[PDB]
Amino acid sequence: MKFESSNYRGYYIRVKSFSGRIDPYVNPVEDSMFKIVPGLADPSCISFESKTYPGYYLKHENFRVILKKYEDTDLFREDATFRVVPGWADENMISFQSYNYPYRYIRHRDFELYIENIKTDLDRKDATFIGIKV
């Protein structure tokens, strides 16, 4: 899957230099592709496995979303697990709730990805994405 920003249409979640961001015209395009697997800490949730680096996962660290090779620890698995919920800014879209910080959601901010509290209308838009099957 790829994931498009709802308020920056044409921009996709991607990994660059092992950090998460959103970008248009993602090059290489595989940087925006993920294998969605049952959540490492909770199978009702999801984890994002990198397509170009198998065994690496999106995960938060100091509340920034980075890409990191799997580590056999509860904290890594919990940092790498996200619950898909109806989109904050549009219930027909999606948002990603952090498993171990349930009041923080994946959002972009100056085009970089964080997990942060969602309080304003701009926060909600920044936290709302479109899932695309490739």
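In this text, residue numbers run from 1 along the sequence as written.
Chemist: Would 26-34 or 76-84 have the larger average of its C-alpha temperature factors, as given in the entry?
Modeler: The deposited B-factors put 26-34 ahead on the C-alpha mean.
Chemist: Taking the values straight from the PDB record, which of 60, 68, 51, 107 has the highest C-alpha temperature factor?
Modeler: Result of the comparison over 60, 68, 51, 107: 51.
Chemist: Going by what the PDB entry lists, where does residue 111 fall on CA B-factor within its chain: lowest, middle or highest third?
Modeler: Highest third.
Chemist: Looking at the temperature factor on the CA atom of residue 99, which third of the chain's modelled residues does it land in?
Modeler: CA B-factor rank for residue 99: middle third.
Chemist: Would the CA B-factor of residue 9 place it in the lowest, middle or highest third of its chain?
Modeler: Ranked within chain, residue 9 CA B lands in the highest tercile.
Chemist: Of the three thirds of its chain by CA temperature factor, lowest, middle or highest, which one includes residue 121?
Modeler: For residue 121, whose C-alpha B-factor we compare with every modelled residue in the chain, the answer is the highest third.
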